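From first to last, the protein sequence lines are chains a7, d7, j0, g2, d4, c9, b1, l5 and b8. Numbering-wise (the deposited numbering), the first sequence opens with residue 73 and increments by one. Numbering-wise (the deposited numbering), the second sequence opens with residue 341 and increments by one. Numbering-wise (the deposited numbering), the third sequence opens with residue 2 and increments by one. Numbering-wise (the deposited numbering), the fourth sequence opens with residue 3 and increments by one. Numbering-wise (the deposited numbering), the fifth sequence opens with residue 3 and increments by one. Numbering-wise (the deposited numbering), the sixth sequence opens with residue 5 and increments by one. Numbering-wise (the deposited numbering), the seventh sequence opens with residue 153 and increments by one. Numbering-wise (the deposited numbering), the eighth sequence opens with residue 136 and increments by one. Numbering-wise (the deposited numbering), the ninth sequence opens with residue 150 and increments by one.
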Amino acid sequence: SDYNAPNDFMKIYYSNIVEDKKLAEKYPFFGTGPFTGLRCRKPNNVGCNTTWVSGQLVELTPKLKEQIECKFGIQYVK
Amino acid sequence: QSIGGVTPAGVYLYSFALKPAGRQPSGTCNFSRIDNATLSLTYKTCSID
Amino acid sequence: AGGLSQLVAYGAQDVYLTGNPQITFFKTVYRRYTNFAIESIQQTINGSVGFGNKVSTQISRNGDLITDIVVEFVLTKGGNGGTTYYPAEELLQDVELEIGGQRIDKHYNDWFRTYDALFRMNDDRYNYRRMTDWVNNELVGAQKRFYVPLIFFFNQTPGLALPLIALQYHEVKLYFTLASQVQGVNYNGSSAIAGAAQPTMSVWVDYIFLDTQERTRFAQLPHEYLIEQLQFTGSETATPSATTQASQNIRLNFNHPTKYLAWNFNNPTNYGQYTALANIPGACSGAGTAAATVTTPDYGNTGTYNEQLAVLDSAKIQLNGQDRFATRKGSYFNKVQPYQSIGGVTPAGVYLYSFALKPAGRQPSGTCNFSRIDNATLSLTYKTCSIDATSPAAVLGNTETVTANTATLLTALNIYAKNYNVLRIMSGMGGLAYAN
Amino acid sequence: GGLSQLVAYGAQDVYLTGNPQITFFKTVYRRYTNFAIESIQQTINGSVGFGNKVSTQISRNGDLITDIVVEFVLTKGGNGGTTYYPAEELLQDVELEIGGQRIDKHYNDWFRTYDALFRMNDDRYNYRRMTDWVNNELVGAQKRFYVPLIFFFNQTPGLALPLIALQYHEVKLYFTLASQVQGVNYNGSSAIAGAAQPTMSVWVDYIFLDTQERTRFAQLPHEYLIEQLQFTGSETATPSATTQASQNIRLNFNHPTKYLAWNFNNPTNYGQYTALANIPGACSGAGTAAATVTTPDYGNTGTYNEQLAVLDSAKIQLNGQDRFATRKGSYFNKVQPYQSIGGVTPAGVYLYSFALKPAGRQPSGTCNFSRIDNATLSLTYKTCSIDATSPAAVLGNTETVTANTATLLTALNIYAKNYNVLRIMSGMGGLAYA
Amino acid sequence: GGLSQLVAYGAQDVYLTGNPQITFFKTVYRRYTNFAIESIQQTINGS
Amino acid sequence: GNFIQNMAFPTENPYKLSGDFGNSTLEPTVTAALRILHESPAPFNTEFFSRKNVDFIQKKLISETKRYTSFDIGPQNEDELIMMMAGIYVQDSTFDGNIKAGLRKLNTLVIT
Amino acid sequence: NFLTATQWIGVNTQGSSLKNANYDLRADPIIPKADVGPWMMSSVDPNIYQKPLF
Amino acid sequence: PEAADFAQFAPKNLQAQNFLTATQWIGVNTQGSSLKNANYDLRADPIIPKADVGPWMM
Amino acid sequence: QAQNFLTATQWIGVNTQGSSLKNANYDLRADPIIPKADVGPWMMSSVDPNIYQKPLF
């Protein structure tokens, strides 16, 4: 291919393979109660009640949360 | 124990559920989380004329 | 008087042994250990088991750590007593150990034979033979289950137990290749044995179940294990002439800190044959009588301690153009090296040279780092193959520099190197550190 | 030369020699206490003879004791080939007591089983020399045999018994002598007329301590981690030409067990753990016209030929669940010893370890049977269909079968080896766990 | 399986496995001084 | 005047695993107790077998012995103390959720 | 009345594929999915939904 | 009452001795049950709140 | 008085090749010096940079 081009050495890898870093930093721990798989803050179920969308863990924010509640009524009790 | 009917010889059942004949889940074995699921059988000796 | 008369006999020379005593012998203190349990669990072997087939298994995660591995085989004799020689060892042609797709190690049937020849001993060696052969004069059709222990670093000690638990994301596999033919089982020399049974195989792994704090430590902490690997290549032997002494310079394509080199000369026709055939009771089929032949071994008695039937006259290891040590006779590698470094009896045709103080142990004790030697070579001088193998007077009454005319059948050379590497495990994954 | 190896140093060497901690080229010996060992004869109370029970009290002649050897003088009641470890057979059992409490108890069969599993190579041969006639001796030949005891204190100085710390308690051994010893006073079931009675003597090797070591032993409390043998005998399920017998034996054992050990035997013939057969060494007269498969070649009673053994397979079940997958008898006979001991176990003798190193002193994993209440040893026997008098059948047979004469192995001896603690204080002692 | 042995732990095992000091499943080899060994022929004086 | 004769007696036994409990990071002594009890970690158990409670008991045994007898004694070996605590704990461990009251009783029994 | 939507599992998700699973009846501590080194990395999903009963 | 305080006893430093013998509490149950400690369930077996109440609950 | 100072391995020679000849460049042009950076923690190799003492150009 092109010679005079950027070197895509693991750009795709840091962009969407490794960890969705912003979530990983905001929520450094994992739920241990039946929230397991969920990244979260503080202990076992303290800074938890974060979420999982179609494919990977994503922060539960009052955008996504509300859209989900409107279609799929979920209590989301921290 | 689980159905209350009578099963003919040669047909076997093992339930992972309290009430397998109903519709309401009453206990299940999730084989999507069991890498090895094995049925072990021992047969009778075919010696009778 | 009595025992007390010894205690009172105390002077200056004793100060060095018992003055201001530090220890005693009459009180043992033991170390407290962790809570664990061990279990033998059968693995599932994929592929079709039979002679010449390659089969494999993924070690199940049925414990936290793994150590001993024993491969069971069931074979039936294709002939009478004396036709087999460690047939279950011959059968398991090779075993490959892979973690996370990276080869950690790989052993060959010949290594198992070489390893045994050098490192097992006494009743351990005998009991070993009992698990791989028929040693009670069994007859044709006799059926036995053989147990071939593996000899990977984790199969030697709990200290190097493979932390299967610390490998939550990387599989550990065992690949097994079964020999196309096994002597005295499905073939007799080159002749197939009609009606011979195919082997039944089962792989057993001993899994260690750790209690909670210890289990957690293995599961969460990174680990670095200093472990051994086997390097191996086959070479053509500069087969000695019956008229002179052949010589050879063999490049040693080895790397890493090496504990020792080991090698043998052999006749690939007959598994375990490291020596020449001869018409003396311990060296050929029918040896000692009219029916004797020096083209076929008495298989059950394939090995021998008589170096007159071996082919190495002398050898040296050269590193980067410089001799490592003065050239020594083949008998020096066969008898003295293992005397000094192992303490057992090495059969004729099998040689050892240690770069280590205690190569039979596990604690590193001096190694030759072949990764820092630009060009290592093994230099051999062979014995003259002038002795008429069919004549005991010639076979037994000969000189240091000669061997049997049948010694020219020992055309293959197997050179092994056992070295150290490091198995590094972290974040659920692990591969041996050094690439080369 | 060697210097070319030293200079071959790089990154891969750091793990082995960087920032070195030790060397191999300088030994530091430790200064130790001043002590001496003296061999002192004890007196046996009562009278020595076949079938008698005698005992001895160990005198307070030294401070600590270790090795004990029981001497026996026997004369052959027949020719070479008629005896098998006769001094071992003679000492039917040995009890060990401290403070009048049972610490342990060994049986002639245990000594045979122990040997079968834990002794090896030359030490084992030498042991045989101390209990039998191994140079083709003839009738009337006289030998002094030395039967070492194998109680924990008889194996290592580290577990010597501090007689000095036992001011108010005695230490005693009790020896039961067999009513019959093969090739000495009986030949199979037949008494040997004119057979001599044994001469017996118990020797104890005492440790004499110097002033400071002696004083500490006398005033400080002492705790030893020791071994005990648990034992119970039972009938075997009897296999036959028509069936593979099976059996479930309750493992009536307790405490933290290093291992189980067991054997099947013909109680008629001491040390016979296998079937008789007309193959060399496997029966009296084996290999010739006079061969019989009702009597062993006593001098060659033992064998490694598993074809004459009766265990097809076994497993240990704890509280209803399998402890490990069922394995063949040859696993217990050949592999367990390979994996954990390094010796060679004769056919008919089996081992299962719960320990990494069952042959050593240092604890390396135990199964606590006082915390397991439904423990069972489950056995499957081989089919007894092989005509023992026909080598073609004896030697050319399959994994699941054995000799028709294997049905004579009607007794099973199950042993267990466990840890316990010997505690000594204020001149008294006993064991911590019942 | 083997889990039935781990649970078989009582008061009579406290001295053996409670508050463990060492394990048998991870060894640490000592780092040792670097050295090499060579077998060298000597000259014999006398016949 | 008896000082020397008393001083002469060693205070350090060359005991198997001397300094037996605590002095190790491989696993807690509390865990060992829980394992022989076959009980879950819980406030009642983690207070009763805690290092501070074991210490409390050891100090009381030493102090009370000195109060009751003329003798000065050492701390007792802790395999012996743990086994005894757990034994007593198994045969009682009776409380309604009041851990403190429960502990008071259990310590009383162990010390006694 | 929608079975496929909760706060713990997630919305529109299924169970991950099974490969080299823990055959033990123990917890088997789920180490965080860490990518260490640019080579021979593995792509297995940890058993985050394996309940730690023991 | 037995052993009249012996102040003239010299070895009063009995620190080198372990007097506790935990041989009677090896293998006990809750009160007096007999099930060989019953370590059957491979779990933690939580603490049961056994309150010392009378023959009835309330 | 003074005694002879036993020298180190400097009398037995100086290993110049080392492990640079295991994967030496066969081209006359000098290969670019690729530094020993981080290439993971468990699959490293140990040879040499193999820099030409004289670039020949």
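Each residue gets a CB set at the ideal place from its N, CA and C atoms; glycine is no exception.
- Taking 8 Å as the cut-off between beta carbons, the residues of the region 309-320 of chain g2 near chain d4 are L320, in sequence order.
- Per DSSP, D106 (chain g2) is one residue of the beta strand (DSSP E) stretching across 103-109.
- Cα atoms of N123 (chain j0) and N156 (chain j0): separation of roughly 20 Å, rounded to the nearest angstrom.
- Against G3 (chain d4), the close residues of chain j0 are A38, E40, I42, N63, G64, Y208, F210, in the order they occur along the chain (beta-carbon pairs closer than 9 Å).
- The beta carbon of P190 (chain b1) falls within 9 Å of a beta carbon belonging to chain b8, placing the residue at that interface.
- By the beta-carbon neighbour count (other beta carbons within 10 angstroms, threshold 16), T116 (chain c9) is exposed.
- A167 (chain j0) and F206 (chain b1) have their C-alpha atoms some 19 Å from each other.
- With contacts defined by Cβ atoms closer than 9 Å, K330 (chain j0) and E401 (chain j0) form a contacting pair.
- Pairing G189 (chain b8) with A434 (chain j0), the inter-Cα distance amounts to about 10 Å.
- Given a length threshold of 4 residues, each whole run of the alpha helix (DSSP H) inside the region 191-262 of chain g2 is given here in chain order: 213-221.
- At a cut-off of 9 Å between beta carbons, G20 (chain d4) makes no contact with chain l5.
- Interface annotation for the region 129-160 of chain j0 against chain g2: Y129, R131, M132, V136, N137, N138, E139, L140, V141, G142, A143, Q144, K145, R146, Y148, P150, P159, criterion Cβ-Cβ distance under 8 Å.
- Here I183 (chain b8) is not near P204 (chain b8), since their CB atoms are 9 Å or more apart.
- Chain-order list of chain b8 residues neighbouring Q14 (chain g2): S195, by C-beta distance under 9 Å.
- In this structure, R114 (chain j0) sits away from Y306 (chain j0), with a CB-CB distance that is not shorter than 9 Å.
- Contact with chain d4 is absent for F255 (chain j0), since none of that chain's Cβ atoms lies less than 9 Å from the residue's Cβ.
- As the crow flies, the alpha-carbon of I426 (chain j0) is around 7 Å from that of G432 (chain j0).
- By the C-beta criterion, the region 89-108 of chain c9 is judged not to be in contact with the region 97-114 of chain a7, since fewer than 3 inter-stretch pairs fall below 8 Å.
- The alpha-carbon separation between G64 (chain g2) and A162 (chain g2) amounts to approximately 11 Å.
- Going by DSSP, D125 (chain g2) is part of the alpha helix (DSSP H) stretching over 123-133.
- Using a CB distance cut-off of 9 Å, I161 (chain b8) counts as an interface residue toward chain g2.
- In terms of beta-carbon proximity, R126 (chain g2) stays away from the interface with chain c9, with every pair separated by 9 Å or more.
- Between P223 (chain g2) and chain c9, the shortest Cβ-Cβ separation is below 9 Å.
- Cβ-Cβ distances below 6 Å link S387 (chain j0) to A243, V403 in the same chain, with the five nearest sequence neighbours on each side left out; the list follows chain order.
- Chain d4 places no beta carbon closer than 9 Å to that of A243 (chain g2), leaving this residue out of the contacts.
- Residue range 33-41 is occupied by the alpha helix (DSSP H) that includes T33 (chain c9).
- Within 9 Å of the CB of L177 (chain l5), the CB atoms of chain d4 belong to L5, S6, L8, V9, in sequence order along the chain.
- Assigned with DSSP and collapsed to three states, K137 (chain a7) falls in helix.
- In the structure shown, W112 (chain g2) falls within a helical segment according to DSSP collapsed to helix, strand and coil.
- Around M87 (chain c9), the same chain offers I40 as residues with beta carbons nearer than 8 Å, after the five sequence neighbours per side are excluded.
- For the C-beta of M122 (chain g2), the chain j0 residues within less than 7 Å are, from N- to C-terminus, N123, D124.
- Counting only residues of its own chain and dropping the five nearest sequence neighbours on each side, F53 (chain c9) has a CB closer than 6 Å to the CB of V34, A37.
- Excluding five sequence positions before and after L66 (chain g2), the CB atoms of its chain that fall closer than 6 Å to its own CB belong to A162, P164, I209, given in chain order.
- DSSP places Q152 (chain b8) outside any beta strand (DSSP E), giving it a letter other than H or E.
- The three-state secondary structure of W264 (chain j0), taken from DSSP, is strand.
- The C-alpha of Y34 (chain d4) lies about 19 Å from the C-alpha of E40 (chain d4).
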